[PDB]
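Chemist: Below you'll find the sequence and an experimental structure to go with it.
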Amino acid sequence: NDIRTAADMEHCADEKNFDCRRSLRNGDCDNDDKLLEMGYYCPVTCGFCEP
């Protein structure tokens, strides 16, 4: 009955088609220019969300 379940973004996952591992070692999470790309492509890999 709680409407807090309307949000389905509670679970974040890394992109399967995006190489977050390579982007992570490349410091992609440390690049402000890619910070948005990580929150979108690999929010979990950069530590912006949970798996």
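Modeler: Yep, it's here. Numbers count the residues shown, from 1 in each chain.
Chemist: wait, what's in contact with the residue nearest the centre of the chain?
Modeler: In the chain, the C-alpha nearest the mean C-alpha coordinate belongs to residue 43, at 1.1 Å (Cα atoms, centre = their mean). Residues in contact with residue 43 (Cβ atoms under 8 Å, 6 or more residues apart in numbering) are 12, 14, 49. Every residue, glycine included, has its C-beta placed from N, CA and C.
Chemist: wait, isn't residue 47 in contact with residue 29?
Modeler: Yes: counting by Cβ atoms under 8 Å, residue 47 touches residue 29, with 6.8 Å between them.
Chemist: So for the two, which residue has more residues nearby?
Modeler: Between residue 47 and residue 29, residue 29 has the larger neighbour count (other Cβ atoms under 10 Å), namely 20 against 11.
Chemist: Name the SS class of that one, please.
Modeler: Secondary structure, DSSP: H, G, I helix; E, B strand; the rest coil: residue 29 is helix.
Chemist: My understanding was that it contacts residue 38; is that so?
Modeler: Yes: between residue 29 and residue 38 there is a contact under Cβ under 8 Å: 5.2 Å.
Chemist: intersection of neighbour lists for the two?
Modeler: Shared contacts of residue 29 and residue 38, defined by Cβ under 8 Å, 6+ apart, are found at 23, 45, 46, 48.
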